[PDB]
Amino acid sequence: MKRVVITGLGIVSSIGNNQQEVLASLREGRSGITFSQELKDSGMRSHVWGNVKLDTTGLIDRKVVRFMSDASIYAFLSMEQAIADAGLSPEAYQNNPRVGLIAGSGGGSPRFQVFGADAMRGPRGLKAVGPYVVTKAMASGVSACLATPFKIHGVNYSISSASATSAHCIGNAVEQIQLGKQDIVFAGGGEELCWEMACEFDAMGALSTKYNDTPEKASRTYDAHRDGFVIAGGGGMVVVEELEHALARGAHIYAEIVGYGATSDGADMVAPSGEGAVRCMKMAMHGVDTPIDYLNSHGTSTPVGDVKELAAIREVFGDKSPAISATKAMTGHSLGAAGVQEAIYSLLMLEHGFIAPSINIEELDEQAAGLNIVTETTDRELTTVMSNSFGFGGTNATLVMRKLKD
């Protein structure tokens, strides 16, 4: 019965290191994909990625960063921005039982898990591994590494669900508030970018391989010649807060979360069934009386994936389908961080009245025919937006956000 809003955001992504940079990129349809020497040298076929253009060296206190992996670093920087953007002072959120944190990653830290085994197998054994690998490699690193330094006393854990990870963290945060257990929950996620993890996707043929020479055109959701997704990394964090608590401190409210769906396909391990997506979106729209103005699709730019979701979208909206665009064409697929980052791109579109373009569509796929997929930045007043996140294991998450009435 309690209402939930988002009052702060922070983000470190392939298209910007803060909301101002991300905003500019979204408006210009600027690609964040670059050529990766690291990937080429690893022997992978996919040589493109959506990397965070930022040197994180010295940006975090040494006694804190020694426990963190990149996913944690990205999520940490995103949280610092979110706190600042939310206008929360230490005495408000620190050592407060009503303030928690729910953030996770898709793979934890393959890089440090491998570093650990490599070091152990060297002549120095244990001495070479060091005492900080566990907090870097454990799956809950993103939450453990942020909750501790920020003095969080409320809920503290990570939710992981492949590409839906950070979307579920936000949804669960919403539930914590609706249950009256928390007033504020920092929700988000992070994902490192490395060949140790990337090669695994390359091995199953999930990554784009035909456009290494033109990195900016590799990610091309809904294009007839898409050939897999482009791996990316980074972090994002949003401040999920109970409505009255937010109004009481005169917070800036981006939007209210009015719908959250989380379903399971129970079918295929790697491909969506579409059936689960239909249920997920319908569940998220239950109770939402206003139409969806814009839908930030999951669209990873994969042959099967993009169309399964388009079919699900046709079945749910029929002849009233919303404007659609896949930001992954610009950013790439950040996996664990995708959910929160795309929620942020959607909040920015809602806050600034515009629809980011779905770029790189030279030839539209037959199955996308008739849908209103925006291909050029369009100014427009949005009121209700939806964002999809579907991960391996048939896990689905959908978030619906709406502007707060005047």
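Don't overthink the numbering: it's just position in the shown sequence, from 1.
Comparing 45-53 with 58-66, which stretch shows the greater average C-alpha B-factor in the deposited entry? Mean B over CA atoms: larger for 58-66.
Give the stretch, out of 121-129 and 74-82, with the larger mean C-alpha temperature factor in the deposited entry. The recorded data point to 121-129.
Tell me which of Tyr254, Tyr260, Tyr211, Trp195 tops the list for C-alpha B factor in the record. Result of the comparison over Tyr254, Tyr260, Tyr211, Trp195: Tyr211.
Considering only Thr331, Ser143, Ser297, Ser273, which residue's Cα atom bears the greatest B-factor as recorded? Spelled out: the listed residue with the top C-alpha B-factor is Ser273.
Check where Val400 lands among this chain's C-alpha B-factors and tell me if it's the lowest, middle or highest third. Middle third, going by the recorded CA B-factors of the chain.
Report the third (lowest, middle or highest) to which the CA temperature factor of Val4 belongs, ranking only the modelled residues of the same chain. It falls in the middle third of the chain.
Modelled-residue ranking by C-alpha temperature factor, third containing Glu351: As the PDB entry reports it, the C-alpha B-factor of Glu351 lands in the middle third of its chain.
Which third of the chain holds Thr383 when residues are ordered by C-alpha B factor: lowest, middle or highest? It falls in the middle third of the chain.
Quick one: classify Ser89 as lowest, middle or highest third of the chain based on its Cα B-factor. Highest third.
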